[PDB]
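>>> one piece of my complex first, more on the way:
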Amino acid sequence: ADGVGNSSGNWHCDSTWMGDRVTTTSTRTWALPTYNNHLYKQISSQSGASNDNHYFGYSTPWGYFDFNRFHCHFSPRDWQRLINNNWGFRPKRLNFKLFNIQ
């Protein structure tokens, strides 16, 4: 889309309060290494662990983007503005973007 030398996005970190809505936007810089050396590895609890700590699963070479915390979208001033003036809130919709990939 933008080959080499053309930016594919802009930095949008801000919040807009409009009546009964607040739209919070956040931008961060991420680093993604190579996980498991491009391999899927079966993982399980160590031998000798207690029965409560036993588990079985798989480790993937993929990563994931997590923003399931309020601090990822609300500044402390935004939080104070939200909690001192509103009797409730709920999420409505979200937009996600990855850009400027090197």
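That came in fine, so what should we check first? Numbering: from 1, shown residues only, chains lettered A, B, ... in the order given.
>>> Give me the phi and psi angles of residue A:83.
Backbone geometry at residue A:83, expressed as degrees, to the nearest 10, gives phi -80, psi -20.
>>> Please, where are all the strands along chain A?
Per DSSP state E, chain A has strands spanning A:14-18, A:21-25, A:41-44, A:56-59. These are given in chain order.
>>> who touches the residue of chain A most remote from its centre in this structure?
Among the residues of chain A, the one whose C-alpha is farthest from the average of all C-alpha positions is residue A:48, by C-alpha atoms, centre = their mean at 35.3 Å. Counting by C-beta atoms under 8 Å, 6 or more residues apart in numbering, residue A:48 makes contact with nothing. Every residue, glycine included, has its C-beta placed from N, CA and C.
>>> Give me whichever of the strands of chain A is most buried.
Mean neighbour counts were taken over those using mean count of other C-beta atoms under 10 Å, and the top value, a mean of 14, falls to strand A:21-25.
>>> That one vs strand A:14-18, what angle?
170 degrees (axes from the mean of the first three to the mean of the last three C-alpha atoms, to 10 degrees).
>>> Point out the other helices and strands that strand A:21-25 packs with.
Helices and strands in packing contact with strand A:21-25 are listed as strand A:14-18, helix A:76-83; criterion 3 or more C-beta pairs under 8 Å, 6 or more residues apart in numbering; DSSP states H and E.
>>> Chain B follows; place it on the structure:
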Amino acid sequence: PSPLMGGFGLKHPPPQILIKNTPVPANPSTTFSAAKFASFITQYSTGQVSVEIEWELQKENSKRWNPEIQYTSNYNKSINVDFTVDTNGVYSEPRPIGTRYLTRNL
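Once chain B is put in with the chains from before, the structure reads:
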């Protein structure tokens, strides 16, 4: 011309509203007297007064990161709640509250 005691300086402020009871003369003499009336029926008046003011607000548009100072009630227990009536039903204002809690850059 901002008032030194605080507030808004107005060249044409809200007008003074003057109210008084109309004097009702008491029993006059059956003979004419040119002296002005000095005896009146004692009376007072009671009623209701309504004042409605529309205020314009300048919304805060700050971009500071950390939280601001806000006026708040104190959570700790107390014998009386602030800005309420006591067991005598007497309303009191425990402290003066200003308006300068949010912050703006110079």
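>>> What separation is there between the residue farthest from the centre of chain A and residue A:54?
Using C-beta to C-beta, to the nearest Å, one gets 10 Å for the distance from residue A:48 to residue A:54.
>>> give the contact list for the closest residue in space to residue A:42 that isn't next to it in sequence.
Residue nearest to residue A:42 in three dimensions, not counting chain neighbours: residue A:58, with 5.8 Å by C-beta to C-beta, 6 or more residues apart in numbering or on different chains. If a contact means C-beta atoms under 8 Å, 6 or more residues apart in numbering or on different chains, then residue A:58 has A:40, A:41, A:42, A:43 as its contacts.
>>> residue contacts, whichever residue of chain B sits closest to chain A?
At 4.3 Å from chain A, residue B:67 is the closest residue in chain B, using C-beta to the nearest C-beta. With contacts defined as C-beta under 8 Å, 6+ apart, residue B:67 is in contact with A:76, A:77, A:79, A:80.
>>> Would you check which pair of these lies furthest apart?
Longest distance between any two of the contacts of residue B:67 is 7.2 Å, between A:77 and A:79; criterion C-beta to C-beta.
>>> between those two, which one's more packed in?
Neighbours of residue A:77 and residue A:79, each counted by other C-beta atoms under 10 Å in any protein chain shown, are more numerous for residue A:77; the result is 17 against 14.
>>> That's all I had, so thanks and see you.
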